[PDB]
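# Geometric and topological summary
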Amino acid sequence: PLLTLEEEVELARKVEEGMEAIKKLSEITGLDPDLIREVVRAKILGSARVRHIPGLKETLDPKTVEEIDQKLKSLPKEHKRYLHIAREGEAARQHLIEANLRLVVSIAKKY
Amino acid sequence: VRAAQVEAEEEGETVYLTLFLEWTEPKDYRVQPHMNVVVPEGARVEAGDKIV
DNA sequence: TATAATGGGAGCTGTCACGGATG
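In terms of determination method and resolution, the entry is listed under X-ray crystallography at 2.693 Å.

Here you go:
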């Protein structure tokens, strides 16, 4: 269904705060922010989609995503809150795309 | 309002009640679509704590 | 890169036999 202004603003806000939380998690862990974003994205999408990312130096397989999710799970509370924020941010990005998929059709019919 | 404790003094044909009262007063806040509530239902907040 | 914009649009007009699907 289409979004009401409130739902739209809420989804966009969750996405932005999730990106910020991924940056903070890269600050804490010392890992690469792209690897962290890919692990969060994999866990939100599920094991149905796990493939190698070109920019990533490591072949993203469920064993490595489990290792990195364990490195993220072994964090204090005020640090693991960032992992929670990132997970919800990716989950919000998904629905933000899916909600506005209609606009793409209404624009592309003219090309 | 509820009366926690009650101190009384007798003087003449009257009693003067010192009441240790405790009560709650409402203050409504309006939320706009660009605002988000950062506080759950029935949570306790102090002076300085963020609600919206 | 920033107002808002949120589901398309043609189609255009055999004749038969056969094997498979359905009803």
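Having put the structure on the table, let's press on.
## Regarding the overall build of chain B
Scanning chain B for helices and strands turns up zero helices and two strands. Relative to the globule expectation of 10 Å for 52 residues, the C-alpha radius of gyration of chain B, 20 Å, shows a markedly less compact shape. In chain B, buried positions account for 0% of the 52 residues. Long-range contacts, defined as pairs at least 24 residues apart, comprise 0% of the intrachain contacts of chain B with a sequence gap of at least 6. Of the roughly 5500 Å² of accessible surface on chain B, 49% is carried by carbon and sulfur atoms. Averaging the coordinates of the 5 positive side-chain charges in chain B and doing the same for the 11 negative ones gives two points 19 Å apart.

## Topic: the side chain of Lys14(A)
Looking at the element boundaries, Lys14(A) is found in helix α1 (residues 5-29). By relative accessible area, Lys14(A) is classed as buried at 18%.

## Details of the side chain of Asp69(A)
Residue and element names in this part refer to chain A. Summarising the element assignment, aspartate 69 is placed in helix α3 (residues 62-73). A distance of 3.1 Å separates the side chain of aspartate 69 from the side chain of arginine 87, its partner in a polar contact. Once residues lying within four places of it in the same chain are set aside, the contact partners of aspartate 69 are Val39, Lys43, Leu83 and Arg87.

## Focus on the protein's contact with DNA strand C
All names here are of chain A. Neighbouring DNA strand C are the residues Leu2, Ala99, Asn100, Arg102, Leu103, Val105, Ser106 and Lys109. For DNA strand C, the fraction of protein-proximal atoms (within 4 Å) that sit in sugar or phosphate groups is 58%. At a separation of 3.1 Å, a base oxygen of DNA strand C approaches a polar backbone atom of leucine 103.

## Looking at the pattern of salt bridges
All names here are of chain A. Under the criterion given, the structure shown has twelve salt bridges over all chains. Residue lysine 14 pairs with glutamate 88 through a salt bridge whose shortest N-O separation is 3.7 Å. One end of the pair, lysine 14, is in helix α1; the other, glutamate 88, is in helix α4 (residues 77-108), and 74 residues separate them in sequence. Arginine 37 is paired through a salt bridge with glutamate 38; the nearest N and O atoms lie 3.1 Å apart. When sorted by exposure, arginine 37 lands in the same class as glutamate 38, which is buried. The network of salt bridges with shared partners includes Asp34, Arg37, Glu38, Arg41, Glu90 and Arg93.

## Let's talk about the environment of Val65(A)
Residues and elements named next belong to chain A. Among the secondary structure elements, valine 65 is positioned in helix α3. Classification of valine 65 by relative accessible area gives buried; the value is 5%. With 30 residues separating them along the chain, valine 65 and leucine 35 place their C-alpha atoms 8.9 Å apart. Contacts of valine 65, omitting those with residues within four sequence positions, involve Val39 and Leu60.

## Topic: the pairing of strand β2 (residues 14-22) of chain B
Looking along a regular strand, one sees side chains alternate from face to face of the sheet. Residue and element names in this part refer to chain B. Relative to β2, strand β1 (residues 2-11) runs antiparallel, the two sharing nine bridges. Bridge assignment links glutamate 7 to a residue of β2, and that residue is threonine 18. As consecutive antiparallel partners, β1 and β2 are separated by two residues, and within that stretch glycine 12 has a phi angle of approximately 65°, a positive value.

Thresholds, definitions, all that
Residues numbered from 1 in each chain as written, not as in the entry; some residues may be left out. Chains lettered and ligands numbered in written order. Part of a larger assembly, values for the part shown. Heavy atoms only, no water. Helix = DSSP H or I, 4+ residues; strand = E, 2+ residues; numbered from the N terminus. Rg over C-alpha atoms; globule rule 2.2 N^0.38 Å. Buried < 20%, exposed > 50% of the residue type's maximum accessible area, 1.4 Å probe, protein only. Contact = heavy atoms within 4.5 Å. Areas by Shrake-Rupley, 256 points an atom, 1.4 Å probe, with all protein chains shown as cover. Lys, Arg positive; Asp, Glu negative; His and termini not counted. Charge placed at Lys NZ, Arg CZ, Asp CG, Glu CD. Polar contact = N/O pair within 3.5 Å; in protein donor to acceptor, adjacent residues only side chain to side chain. Near = heavy atom within 4 Å. Salt bridge = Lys/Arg side-chain N within 4 Å of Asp/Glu carboxyl O. Pairing = 2+ DSSP bridges.

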